[PDB]
């Protein structure tokens, strides 16, 4: 089993106890640590924060304490958008520039692989031609990594990708059967199924459909997303089930209607540390005073409300349920977005350090023995 965990290079800017610093990294918590995010400059892999090189040294330095640990660098993310990927994959020359730059960069900074997080080929401004060009990029990287291993005698660089759960994005961008052959593993982003972009409450990451749902909505759940990727050709052993350590929040139209599917007027109030309306870290909801926690029976996940605020999130129990699910489906492990949104320092939830991610590790039987 794998436990793949994302580090984010902006968590260092949060205030107080929420500030995530190198000391908070645990070398033995996860099997694979992925650094979010690198970017691109003139079609070449590049840093995004002023101190990334310092953090790369710390991050990859964890392997001295745990030599089993593998690290990867993720390029892209939601904010990064699509234009630079589109421009880079548009020609064989630009892809070659990128691929060669990536190999050099990963070797220079001591990463074990690259995670592609283009959000997304064929969507978010990216043209339809990018579906096949993404397939080609994945193949180019896989083949070049194979060649570099042969030439250098070094252990081959890993290639993974973070991929969307929703059919609209999957069909616009992803030749699943083809890319799954060339990826070492596939990080399924089984979250952001619902959120304050929608005019009714809905859970960030429900396991199953609700009885009331129909049409496309009935596939906006973890089980449907997993089955989608498997049926379209991803080997179960390569499919890694993403898990969110955050929730999605709403302002309710009325404090008297707190149901799943209740009318909402917009994003929930920003959290005191995360300061992003519409999301909250686990540590911002686990200890919410004077609130009412509820469970969506069909969907196997909790929500919580207080006055006109409503948040769908994951807890220890829902993580356990999801690991039982992934094991039943024979998946390759779990992925988590993100280290710094769990109660990484045990300051809020009275559950110790990393209560959610330690749950994943325990349920996957990955506890350091």
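Positions refer to the first chain, counted from 1. For the two forms, the rigid core is made up of the largest set of C-alpha atoms that agree within 1.5 Å on superposition.
Undergrad: Which stretch is less alike in 6 other deposited structures of this protein, 174-182 or 77-85, counting RMS CA distance after the rigid core is superposed?
TA: Higher root mean square deviation of C-alphas in 6 other deposited structures of this protein is shown by 77-85.
Undergrad: Could you tell me which of the two stretches, 327-335 or 22-30, has its Cα atoms lying farther from the shown structure in 6 other deposited structures of this protein after fitting on the rigid core?
TA: Larger mean C-alpha displacement, comparing 327-335 and 22-30 in 6 other deposited structures of this protein, is found in 22-30.
Undergrad: Test of understanding: from the entry's C-alpha B-factors, which stretch has the higher mean, 36-44 or 60-68?
TA: The deposited B-factors put 60-68 ahead on the C-alpha mean.
Undergrad: When the C-alpha temperature factors are averaged for each of 47-55 and 22-30, which stretch ends up with the higher value in the entry?
TA: Higher mean C-alpha B-factor: 22-30.
Undergrad: Could you check 245, 228, 221, 211 and tell me which one carries the biggest Cα B-factor in the deposited entry?
TA: The C-alpha B-factor peaks, among 245, 228, 221, 211, at 211.
Undergrad: Choose from 113, 76, 266, 206 the residue with the greatest Cα B-factor as stated in the PDB record.
TA: Highest CA B-factor of the listed options: 266.
Undergrad: Please say which third, lowest, middle or highest, residue 117 falls into when its CA temperature factor is compared across its chain.
TA: CA B-factor rank for residue 117: lowest third.
Undergrad: Residue 202: which third of its chain by C-alpha temperature factor?
TA: Its C-alpha B-factor, which the entry lists for residue 202, ranks in the lowest third among residues of this chain.
Undergrad: Sorting by Cα B-factor within the chain, modelled residues only, which third would residue 148 end up in: lowest, middle or highest?
TA: Ranked within chain, residue 148 CA B lands in the highest tercile.
Undergrad: So where's residue 364 on the chain's Cα temperature factor ranking, which third?
TA: Ranked within chain, residue 364 CA B lands in the middle tercile.
Undergrad: Among the modelled residues of its chain, does the C-alpha B-factor of residue 298 lie in the lowest, middle or highest third?
TA: It belongs to the middle third of the chain when residues are ordered by C-alpha B-factor.
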